[PDB]
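This report refers to the structure that appears directly beneath it.
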Amino acid sequence: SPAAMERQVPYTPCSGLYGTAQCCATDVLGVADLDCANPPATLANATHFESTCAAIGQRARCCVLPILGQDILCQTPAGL
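This is the structure we're talking about:
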């Protein structure tokens, strides 16, 4: 019984252009990046991540690091 799977590897957050997993706010129309910061919780899975942002009254959206010269990009994984 080789123990090679028993030791799971570090979870891999939002894989994509944004590569990061956080919790931000949105405006009335839905387009905005109000109050953006790292999400404090124990991430276990997709739904678990959604519960992380809902915990403080926010939604799950993976934002990409700001780049002087372009607009801010952010979207939800699998429409979570």
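What the sequence shown shows, in the working numbering, is residues 313 to 392, in sequence order.
Even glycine gets a Cβ: it sits at the ideal position worked out from N, Cα and C.
The residues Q334, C336, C375, in chain order, have a CB closer than 7 Å to that of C348 in the same chain once the five nearest residues on each side in sequence are set aside.
Within the same chain, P351, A353 come within 6 Å of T364 by CB-CB distance, once the 5 residues on both sides are set aside.
The shortest CA-to-CA distance from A390 to any of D383, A358, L380 is the one to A358.
When the Cα atoms are used, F361 and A372 turn out to be separated by approximately 7 Å.
Here the alpha carbon of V343 sits roughly 41 Å from the alpha carbon of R319. With 16 or more other CB atoms across the displayed protein chains lying within 10 angstroms of its CB, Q370 is buried. With a threshold of 16 other beta carbon atoms within 10 Å, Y323 falls short and is exposed.
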